[PDB]
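Engineer: There's a structure below that I have some questions on.
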Amino acid sequence: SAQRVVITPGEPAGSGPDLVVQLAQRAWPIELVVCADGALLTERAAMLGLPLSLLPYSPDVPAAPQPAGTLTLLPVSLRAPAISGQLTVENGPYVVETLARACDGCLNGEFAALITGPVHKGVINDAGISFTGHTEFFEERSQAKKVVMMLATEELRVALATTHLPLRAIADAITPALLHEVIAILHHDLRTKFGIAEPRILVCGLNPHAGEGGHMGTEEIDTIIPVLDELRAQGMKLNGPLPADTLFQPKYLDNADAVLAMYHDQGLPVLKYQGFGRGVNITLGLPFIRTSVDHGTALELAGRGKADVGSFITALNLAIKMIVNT
Amino acid sequence: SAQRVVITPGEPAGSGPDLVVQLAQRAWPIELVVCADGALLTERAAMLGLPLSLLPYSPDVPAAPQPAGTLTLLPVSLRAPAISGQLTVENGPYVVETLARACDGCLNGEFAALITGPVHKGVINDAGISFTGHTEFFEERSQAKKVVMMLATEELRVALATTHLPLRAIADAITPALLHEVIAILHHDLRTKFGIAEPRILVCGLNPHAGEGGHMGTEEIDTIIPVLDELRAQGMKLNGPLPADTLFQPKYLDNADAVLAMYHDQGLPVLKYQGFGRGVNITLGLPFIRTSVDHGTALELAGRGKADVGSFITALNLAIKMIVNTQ
Ligand SMILES: [Cl-]
Ligand SMILES: [Co+2]
Ligand SMILES: [Co+2]
């Protein structure tokens with residue numbers, strides 16, 4: 001293989017850097033190019049009592065499996081000292097900078113995948129930088145028509161029609177167009193990026209009991225149902241819209257490859273209730289592979305090796321499998 | 001001290017009648033007063049090959065434990081013949097009548113509790129009667145300020161700040177006054193009906209990540225947090241607002257007596273996921289006790305013998321327990 005991937009620790013004040021140094025303690029079949037501040041990684045390595053060596057990155061020198069206790073650095077400096085667990089609007093642009101280079105590298109083929117660590121939407125915004133999350137950032141920087149967020153544990157896959165939007169904004173966001181792009185990308189990436197010939201997708205309605213014919217909302221009639229029927233006519237195996245609290249039962253889940261929820265808190269609670277903090281946030285529809293953790297920056301954990309690299313490891317392993325699927 | 005409860009089978013064309021006939025197959029420590037059409041029950045029993053004897057409801061004579069194979073009937077006639085799995089607008093008024101009669105009996109001490117079978121709102125509305133749900137029907141008829149819907153299992157209790165409303169109406173429904181009313185009722189009933197001295201309540205945020213400090217919505221900061229702080233200062237163990245996708249984990253659930261979700265699909269998916277179907281719907285804040293099944297009318301199973309009475313029996317046992325808890 002001899003493949004290269006780029007990793008972004010995320011918020012410098014968070015436990016992101018910590019997790020990357022922790023996972024660098026083992027060797028990997030691919031080269032781990034970390035786009036961040038070198039001095040940031042060495043300081044955290046020291047405090048954690050973990051050895052760490054950084055190898056200069058270069059698109060010339062061919063990809064080489066990453067040696068244990070080492071990482072390949074793609075330099076980007078902070079704008080002020082980073083204190084473990086101490087957010088600061090100063091390094092805000094730094095975070096977004098690493099995300100840019102990381103995204104660009106994946107858009108230039110020099111990186112086969114992008115695995116992201118946790119970032120803080122707050123510090124970024126408070127820095128005057130418009131930010132929703134990696135998903136929108138990568139979707140916009142790679143001008144993709146539409147990308148789909150999908151959280152998956154070893155037992156359940158849950159995709160979302162909308163990401164991190166205020167509850168009041170969901171209803172208007174769910175348009176025939178969007179719902180069409182979302183399902184198209186999902187059904188496609190499941191057969192190609194996940195090797196599922198005939199993916200069976202359980203679709204959630206927007207309203208409880210899926211609007212119940214208008215008694216609890218009309219969006220199912222005005223948007224959801226029409227779309228699902230069009231796509232079903234195309235052979236797509238879509239079951240819904242169904243009541244979220246009905247389809248989220250073992251009897252339904254055991255006969256489907258993924259579930260598509262209309263919004264964040266409609267499909268994630270169940271996924272998290274049985275994920276064991278090992279879920280991976282996967283972005284579908286991008287020109288390149290992108291996985292990531294789904295936990296926060298855990299500020300009050302930075303400095304002390306307390307953060308669990310479990311999710312980060314799983315996200316990296318998953319991105320690696322997807323790469324093997326060319 | 002034999003008590004009386006009233007049971008409304010629900011949609012006559014559905015499986016509610018069947019389920020009541022099934023639970024009647026065993027004896028009960030209370031008198032089961034069924035508010036429904038008697039021929040209907042008898043006819044359904046005959047279809048399921050189950051024996052059944054209807055004893056007339058007599059409020060002038062003391063209540064007596066319901067013997068196996070019998071129900072005490074509070075007659076309400078169907079407007080038209082009932083056909084298994086076939087809705088008929090004609091019997092829409094019948095359903096409502098049984099609900100109004102059962103509700104009134106609980107309001108005047110006739111019955112110690114009310115256990116409701118499933119009803120179909122579509123057939124009721126087409127009959128020209130405004131209907132949204134039992135919860136709203138009882139809240140309105142009881143002239144209660146507010147009621148709170150709760151789905152409970154033996155391991156997890158999920159109360160809702162709002163019931164079956166379109167998602168688009170939620171955000172503005174969560175007002176400071178609504179949160180106060182809902183939490184007040186939840187805390188009180190957990191203590192009185194569930195017998196929990198110091199209720200530990202987990203509160204969900206409205207927006208994902210509980211608004212993420214105001215960067216993903218401001219309702220938590222503007223309404224939710226202010227109300228919770230106020231109530232916490234009064235001794236209420238309120239933990240939240242927390243993101244729904246993180247609080248629904250054993251780590252948090254084990255140290256709690258109930259979770260308060262802001263809306264229906266925020267809390268029920270997890271509850272049902274592990275409810276094993278033995279979940280119970282309880283209305284809190286009413287002048288009387290009321291439990292119910294969590295499933296639909298199952299029109300296709302009506303009169304066929306495959307309806308699961310587990311939820312109804314769990315709903316009835318719970319009601320009996322609350323009657324004891326509030327003696
Ligand atoms: Cl009346
Ligand atoms: Co999230
Ligand atoms: Co419901």
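We label chains A, B, ... in the order they appear in the structure tokens, count residues from 1 in each chain, and number ligands from 1 in the order shown.
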Env of residue A:317: 10 Å cut, atoms = only C-alpha atoms, seq-sep filter 5 positions within chain, self excluded. Answer as a list in words.
Structural biologist: residues 28, 115, 291, 311, 312, 322 and 323 of chain A
Engineer: List as a PDB file with N, CA, C and O atoms, in the first residue's frame the protein and nucleic acid residues lying within 8 Å of ligand 2, with only C-alpha atoms and all ligand atoms counted.
Structural biologist:
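Result went into out12.pdb, see below:
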ATOM      1  N   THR A 163     -27.486  18.364  10.646  1.00  0.00           N
ATOM      2  CA  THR A 163     -26.452  18.223  11.668  1.00  0.00           C
ATOM      3  C   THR A 163     -26.697  19.025  12.949  1.00  0.00           C
ATOM      4  O   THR A 163     -27.722  18.861  13.615  1.00  0.00           O
ATOM      5  N   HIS A 164     -25.759  19.903  13.291  1.00  0.00           N
ATOM      6  CA  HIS A 164     -25.881  20.675  14.516  1.00  0.00           C
ATOM      7  C   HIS A 164     -26.609  22.000  14.367  1.00  0.00           C
ATOM      8  O   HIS A 164     -26.008  23.077  14.468  1.00  0.00           O
ATOM      9  N   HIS A 264     -30.361  15.638  14.565  1.00  0.00           N
ATOM     10  CA  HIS A 264     -29.407  15.207  15.587  1.00  0.00           C
ATOM     11  C   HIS A 264     -29.901  14.357  16.771  1.00  0.00           C
ATOM     12  O   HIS A 264     -29.547  13.174  16.884  1.00  0.00           O
ATOM     13  N   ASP A 294     -16.475  11.569  18.065  1.00  0.00           N
ATOM     14  CA  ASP A 294     -17.731  12.293  18.187  1.00  0.00           C
ATOM     15  C   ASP A 294     -17.899  12.839  19.596  1.00  0.00           C
ATOM     16  O   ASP A 294     -19.002  13.189  19.998  1.00  0.00           O
ATOM     17  N   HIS A 295     -16.801  12.918  20.340  1.00  0.00           N
ATOM     18  CA  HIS A 295     -16.848  13.471  21.687  1.00  0.00           C
ATOM     19  C   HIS A 295     -16.294  14.897  21.645  1.00  0.00           C
ATOM     20  O   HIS A 295     -15.781  15.327  20.616  1.00  0.00           O
TER      21      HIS A 295
ATOM     22  N   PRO B 208     -29.477  20.363  20.193  1.00  0.00           N
ATOM     23  CA  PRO B 208     -28.454  19.327  20.360  1.00  0.00           C
ATOM     24  C   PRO B 208     -27.306  19.913  21.188  1.00  0.00           C
ATOM     25  O   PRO B 208     -27.122  21.129  21.211  1.00  0.00           O
ATOM     26  N   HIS B 209     -26.555  19.059  21.880  1.00  0.00           N
ATOM     27  CA  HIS B 209     -25.458  19.519  22.726  1.00  0.00           C
ATOM     28  C   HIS B 209     -25.956  20.549  23.739  1.00  0.00           C
ATOM     29  O   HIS B 209     -25.179  21.368  24.233  1.00  0.00           O
ATOM     30  N   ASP B 245     -28.023  13.225  23.624  1.00  0.00           N
ATOM     31  CA  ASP B 245     -27.226  12.103  23.150  1.00  0.00           C
ATOM     32  C   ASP B 245     -26.062  11.703  24.059  1.00  0.00           C
ATOM     33  O   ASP B 245     -25.312  10.783  23.744  1.00  0.00           O
TER      34      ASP B 245
END
Engineer: Enter the distance from atom CA of residue B:241 to atom CA of residue B:174, in Å, rounded to one decimal.
Structural biologist: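 Spanning atom CA of residue B:241 to atom CA of residue B:174 is a straight-line distance of 13.2 Å.
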Engineer: What are the residues of chain B that have an atom within 6 Å of an atom of chain A, counting only C-alpha atoms, as a list in words?
Structural biologist: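 Residues of chain B within 6 Å of chain A, counting only C-alpha atoms: residues 165, 166, 167, 168, 171, 207, 208, 216, 217, 245, 248, 249, 265, 266, 268, 269, 270 and 273 of chain B.
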Engineer: Save out the residues we just selected, N, CA, C and O atoms, as a PDB file, in the first residue's frame.
Structural biologist:
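Now in selection.pdb:
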ATOM      1  N   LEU B 165     -46.669  16.982  19.357  1.00  0.00           N
ATOM      2  CA  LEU B 165     -46.741  18.203  18.575  1.00  0.00           C
ATOM      3  C   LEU B 165     -45.785  18.144  17.401  1.00  0.00           C
ATOM      4  O   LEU B 165     -44.789  17.423  17.427  1.00  0.00           O
ATOM      5  N   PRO B 166     -46.085  18.898  16.339  1.00  0.00           N
ATOM      6  CA  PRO B 166     -45.160  18.860  15.208  1.00  0.00           C
ATOM      7  C   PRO B 166     -43.833  19.406  15.717  1.00  0.00           C
ATOM      8  O   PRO B 166     -43.809  20.314  16.559  1.00  0.00           O
ATOM      9  N   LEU B 167     -42.735  18.855  15.214  1.00  0.00           N
ATOM     10  CA  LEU B 167     -41.419  19.309  15.645  1.00  0.00           C
ATOM     11  C   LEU B 167     -41.281  20.843  15.530  1.00  0.00           C
ATOM     12  O   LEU B 167     -40.686  21.490  16.392  1.00  0.00           O
ATOM     13  N   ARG B 168     -41.849  21.414  14.469  1.00  0.00           N
ATOM     14  CA  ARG B 168     -41.780  22.855  14.227  1.00  0.00           C
ATOM     15  C   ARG B 168     -42.382  23.736  15.329  1.00  0.00           C
ATOM     16  O   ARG B 168     -42.046  24.920  15.430  1.00  0.00           O
ATOM     17  N   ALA B 171     -39.823  24.433  19.768  1.00  0.00           N
ATOM     18  CA  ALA B 171     -39.005  25.557  20.204  1.00  0.00           C
ATOM     19  C   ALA B 171     -39.766  26.663  20.930  1.00  0.00           C
ATOM     20  O   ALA B 171     -39.360  27.090  22.011  1.00  0.00           O
ATOM     21  N   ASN B 207     -31.893  22.103  22.328  1.00  0.00           N
ATOM     22  CA  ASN B 207     -31.049  21.979  21.154  1.00  0.00           C
ATOM     23  C   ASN B 207     -29.995  20.893  21.315  1.00  0.00           C
ATOM     24  O   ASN B 207     -29.648  20.513  22.433  1.00  0.00           O
ATOM     25  N   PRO B 208     -29.477  20.363  20.193  1.00  0.00           N
ATOM     26  CA  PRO B 208     -28.454  19.327  20.360  1.00  0.00           C
ATOM     27  C   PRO B 208     -27.306  19.913  21.188  1.00  0.00           C
ATOM     28  O   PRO B 208     -27.122  21.129  21.211  1.00  0.00           O
ATOM     29  N   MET B 216     -25.342  26.917  19.649  1.00  0.00           N
ATOM     30  CA  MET B 216     -26.207  25.999  18.910  1.00  0.00           C
ATOM     31  C   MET B 216     -27.632  26.216  19.391  1.00  0.00           C
ATOM     32  O   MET B 216     -28.367  25.262  19.627  1.00  0.00           O
ATOM     33  N   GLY B 217     -28.019  27.478  19.537  1.00  0.00           N
ATOM     34  CA  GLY B 217     -29.350  27.777  20.025  1.00  0.00           C
ATOM     35  C   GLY B 217     -29.205  28.474  21.362  1.00  0.00           C
ATOM     36  O   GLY B 217     -28.230  28.261  22.084  1.00  0.00           O
ATOM     37  N   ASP B 245     -28.023  13.225  23.624  1.00  0.00           N
ATOM     38  CA  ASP B 245     -27.226  12.103  23.150  1.00  0.00           C
ATOM     39  C   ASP B 245     -26.062  11.703  24.059  1.00  0.00           C
ATOM     40  O   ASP B 245     -25.312  10.783  23.744  1.00  0.00           O
ATOM     41  N   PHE B 248     -28.225   9.986  27.929  1.00  0.00           N
ATOM     42  CA  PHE B 248     -28.860   8.683  27.804  1.00  0.00           C
ATOM     43  C   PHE B 248     -27.824   7.561  27.775  1.00  0.00           C
ATOM     44  O   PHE B 248     -27.690   6.842  26.786  1.00  0.00           O
ATOM     45  N   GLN B 249     -27.080   7.436  28.868  1.00  0.00           N
ATOM     46  CA  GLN B 249     -26.073   6.398  29.008  1.00  0.00           C
ATOM     47  C   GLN B 249     -26.120   5.960  30.459  1.00  0.00           C
ATOM     48  O   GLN B 249     -26.357   6.767  31.358  1.00  0.00           O
ATOM     49  N   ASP B 265     -39.780  12.671  20.383  1.00  0.00           N
ATOM     50  CA  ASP B 265     -38.718  11.842  19.811  1.00  0.00           C
ATOM     51  C   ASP B 265     -37.324  12.036  20.406  1.00  0.00           C
ATOM     52  O   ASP B 265     -36.374  11.422  19.927  1.00  0.00           O
ATOM     53  N   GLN B 266     -37.197  12.876  21.433  1.00  0.00           N
ATOM     54  CA  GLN B 266     -35.898  13.110  22.065  1.00  0.00           C
ATOM     55  C   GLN B 266     -35.655  12.082  23.165  1.00  0.00           C
ATOM     56  O   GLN B 266     -34.516  11.675  23.411  1.00  0.00           O
ATOM     57  N   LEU B 268     -38.306   9.191  23.882  1.00  0.00           N
ATOM     58  CA  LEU B 268     -38.945   7.893  23.665  1.00  0.00           C
ATOM     59  C   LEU B 268     -38.182   6.840  22.838  1.00  0.00           C
ATOM     60  O   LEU B 268     -38.330   5.648  23.078  1.00  0.00           O
ATOM     61  N   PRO B 269     -37.376   7.256  21.844  1.00  0.00           N
ATOM     62  CA  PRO B 269     -36.650   6.233  21.076  1.00  0.00           C
ATOM     63  C   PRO B 269     -35.777   5.327  21.987  1.00  0.00           C
ATOM     64  O   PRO B 269     -35.819   4.104  21.870  1.00  0.00           O
ATOM     65  N   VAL B 270     -35.016   5.927  22.905  1.00  0.00           N
ATOM     66  CA  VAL B 270     -34.175   5.176  23.845  1.00  0.00           C
ATOM     67  C   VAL B 270     -35.054   4.345  24.795  1.00  0.00           C
ATOM     68  O   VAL B 270     -34.772   3.180  25.057  1.00  0.00           O
ATOM     69  N   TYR B 273     -36.488   1.521  22.831  1.00  0.00           N
ATOM     70  CA  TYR B 273     -35.385   0.655  22.426  1.00  0.00           C
ATOM     71  C   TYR B 273     -35.120  -0.427  23.460  1.00  0.00           C
ATOM     72  O   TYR B 273     -34.835  -1.570  23.112  1.00  0.00           O
TER      73      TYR B 273
END
Engineer: Counting only C-alpha atoms, what is within 12 Å of stretch 143-145 of chain A, bar same-chain residues fewer than 4 positions away, as a ChimeraX atom specification?
Structural biologist: /A:103-104,107,135-139,177-178,180-182,184-185,283-288
Engineer: Keeping N, CA and C atoms for every residue in the selection just given, could you write it to a file as a PDB file, in the first residue's frame?
Structural biologist:
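Final output, out05.pdb:
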ATOM      1  N   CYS A 103      -7.592  19.687   4.724  1.00  0.00           N
ATOM      2  CA  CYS A 103      -8.619  19.491   3.706  1.00  0.00           C
ATOM      3  C   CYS A 103      -7.998  19.584   2.321  1.00  0.00           C
ATOM      4  N   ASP A 104      -7.185  20.619   2.120  1.00  0.00           N
ATOM      5  CA  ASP A 104      -6.515  20.827   0.836  1.00  0.00           C
ATOM      6  C   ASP A 104      -5.682  19.598   0.464  1.00  0.00           C
ATOM      7  N   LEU A 107      -7.713  17.028  -0.862  1.00  0.00           N
ATOM      8  CA  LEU A 107      -8.259  17.457  -2.135  1.00  0.00           C
ATOM      9  C   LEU A 107      -7.183  17.389  -3.216  1.00  0.00           C
ATOM     10  N   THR A 135     -17.879  18.975   9.355  1.00  0.00           N
ATOM     11  CA  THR A 135     -18.772  18.577   8.276  1.00  0.00           C
ATOM     12  C   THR A 135     -19.110  19.700   7.299  1.00  0.00           C
ATOM     13  N   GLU A 136     -19.553  20.844   7.813  1.00  0.00           N
ATOM     14  CA  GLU A 136     -19.895  21.971   6.952  1.00  0.00           C
ATOM     15  C   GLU A 136     -18.620  22.588   6.386  1.00  0.00           C
ATOM     16  N   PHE A 137     -17.592  22.681   7.224  1.00  0.00           N
ATOM     17  CA  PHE A 137     -16.313  23.243   6.815  1.00  0.00           C
ATOM     18  C   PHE A 137     -15.719  22.485   5.633  1.00  0.00           C
ATOM     19  N   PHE A 138     -15.723  21.156   5.693  1.00  0.00           N
ATOM     20  CA  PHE A 138     -15.167  20.364   4.602  1.00  0.00           C
ATOM     21  C   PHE A 138     -16.089  20.331   3.395  1.00  0.00           C
ATOM     22  N   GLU A 139     -17.390  20.382   3.642  1.00  0.00           N
ATOM     23  CA  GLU A 139     -18.359  20.358   2.558  1.00  0.00           C
ATOM     24  C   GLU A 139     -18.252  21.639   1.744  1.00  0.00           C
ATOM     25  N   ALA A 177     -35.344  18.687  -1.910  1.00  0.00           N
ATOM     26  CA  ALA A 177     -33.998  18.679  -2.478  1.00  0.00           C
ATOM     27  C   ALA A 177     -32.984  18.051  -1.535  1.00  0.00           C
ATOM     28  N   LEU A 178     -32.867  18.637  -0.349  1.00  0.00           N
ATOM     29  CA  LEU A 178     -31.934  18.151   0.655  1.00  0.00           C
ATOM     30  C   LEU A 178     -32.145  16.665   0.945  1.00  0.00           C
ATOM     31  N   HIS A 180     -33.304  14.502  -0.779  1.00  0.00           N
ATOM     32  CA  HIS A 180     -32.965  13.712  -1.950  1.00  0.00           C
ATOM     33  C   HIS A 180     -31.456  13.501  -2.029  1.00  0.00           C
ATOM     34  N   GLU A 181     -30.705  14.564  -1.761  1.00  0.00           N
ATOM     35  CA  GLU A 181     -29.251  14.509  -1.803  1.00  0.00           C
ATOM     36  C   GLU A 181     -28.735  13.619  -0.680  1.00  0.00           C
ATOM     37  N   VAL A 182     -29.347  13.754   0.490  1.00  0.00           N
ATOM     38  CA  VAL A 182     -28.942  12.980   1.646  1.00  0.00           C
ATOM     39  C   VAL A 182     -29.101  11.489   1.418  1.00  0.00           C
ATOM     40  N   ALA A 184     -29.502   9.895  -1.416  1.00  0.00           N
ATOM     41  CA  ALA A 184     -28.732   9.458  -2.572  1.00  0.00           C
ATOM     42  C   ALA A 184     -27.299   9.142  -2.158  1.00  0.00           C
ATOM     43  N   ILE A 185     -26.681  10.083  -1.451  1.00  0.00           N
ATOM     44  CA  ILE A 185     -25.314   9.934  -0.961  1.00  0.00           C
ATOM     45  C   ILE A 185     -25.181   8.754   0.008  1.00  0.00           C
ATOM     46  N   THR A 283     -18.074  11.276   7.625  1.00  0.00           N
ATOM     47  CA  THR A 283     -18.708  12.242   6.722  1.00  0.00           C
ATOM     48  C   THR A 283     -18.802  11.613   5.338  1.00  0.00           C
ATOM     49  N   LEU A 284     -20.021  11.487   4.823  1.00  0.00           N
ATOM     50  CA  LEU A 284     -20.226  10.904   3.504  1.00  0.00           C
ATOM     51  C   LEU A 284     -20.450  11.996   2.464  1.00  0.00           C
ATOM     52  N   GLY A 285     -20.129  11.687   1.214  1.00  0.00           N
ATOM     53  CA  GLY A 285     -20.336  12.645   0.150  1.00  0.00           C
ATOM     54  C   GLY A 285     -19.176  13.561  -0.164  1.00  0.00           C
ATOM     55  N   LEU A 286     -18.082  13.441   0.577  1.00  0.00           N
ATOM     56  CA  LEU A 286     -16.918  14.274   0.303  1.00  0.00           C
ATOM     57  C   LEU A 286     -16.078  13.590  -0.765  1.00  0.00           C
ATOM     58  N   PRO A 287     -15.245  14.365  -1.472  1.00  0.00           N
ATOM     59  CA  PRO A 287     -14.373  13.840  -2.531  1.00  0.00           C
ATOM     60  C   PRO A 287     -13.347  12.860  -1.955  1.00  0.00           C
ATOM     61  N   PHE A 288     -13.131  12.975  -0.647  1.00  0.00           N
ATOM     62  CA  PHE A 288     -12.168  12.153   0.085  1.00  0.00           C
ATOM     63  C   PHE A 288     -12.777  11.544   1.346  1.00  0.00           C
TER      64      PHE A 288
END
Engineer: Atom CA of residue B:162 and atom CA of residue B:176 are how many Å apart?
Structural biologist: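 According to the coordinates, atom CA of residue B:162 and atom CA of residue B:176 are separated by 13.2 Å.
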Engineer: What is the atom CA of residue B:253 to atom CA of residue B:195 distance in Å?
Structural biologist: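 So the two atoms, atom CA of residue B:253 and atom CA of residue B:195, lie 18.4 Å apart.
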Engineer: Can I get the residues of chain B within 9 Å of ligand 1, each with the closest pair of atoms and their distance in Å to one decimal, using only C-alpha atoms and all ligand atoms, sorted chain first then ascending number, as CSV?
Structural biologist:
residue,atom,partner,partner_atom_place_in_ligand_line,distance
B:97,CA,ligand 1,1 (Cl),8.2
B:100,CA,ligand 1,1 (Cl),6.9
B:101,CA,ligand 1,1 (Cl),8.7
B:141,CA,ligand 1,1 (Cl),8.7
Engineer: Which residues are near residue A:151? Cut-off 8 Å, only C-alpha atoms, ignore same chain within fewer than 2 positions. Put them as a ChimeraX atom specification.
Structural biologist: /A:149,153,157-159,268,271,279-282,294
Engineer: I need the residue nearest ligand 3 from this list: B:292, B:175, B:218, B:274. Use only C-alpha atoms and all ligand atoms for the distance.
Structural biologist: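 So, comparing all the options, the nearest one is B:292.
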Engineer: Find the residues near residue B:255: any atom within 10 Å, counting only C-alpha atoms, skip ones fewer than 6 places away on the same chain, and give them as a compact mmCIF listing (two decimals) with C-alpha atoms, in the first residue's frame.
Structural biologist:
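Output file around_32.txt follows:
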# COMPACT_ATOMS: atom_id res chain seq x y z
CA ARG B 200 -33.22 12.71 40.97
CA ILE B 201 -34.16 14.25 37.59
CA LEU B 202 -32.04 14.44 34.44
Engineer: When you count only C-alpha atoms, which of these residues is closest to residue A:7: A:27, A:114, A:45, A:174?
Structural biologist: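 Under the stated criterion, the closest residue is A:114.
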Engineer: Restricting the calculation to only C-alpha atoms and all ligand atoms: of B:243, B:128, B:279, B:310, which residue gets closest to ligand 3?
Structural biologist: B:279
Engineer: Run DSSP on the backbone and tell me which residues of stretch 98-308 of chain A come out as helix (DSSP H, G or I); list them as an MDAnalysis selection string.
Structural biologist: chainID A and resid 98:107 121:125 134:141 167:173 176:192 208:213 219:232 244:247 250:253 264:273 299:301
Engineer: From the list A:60, A:43, A:37, A:222, which residue is nearest residue A:74 when using only C-alpha atoms?
Structural biologist: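 Among the listed residues, the smallest separation from residue A:74 belongs to A:37.
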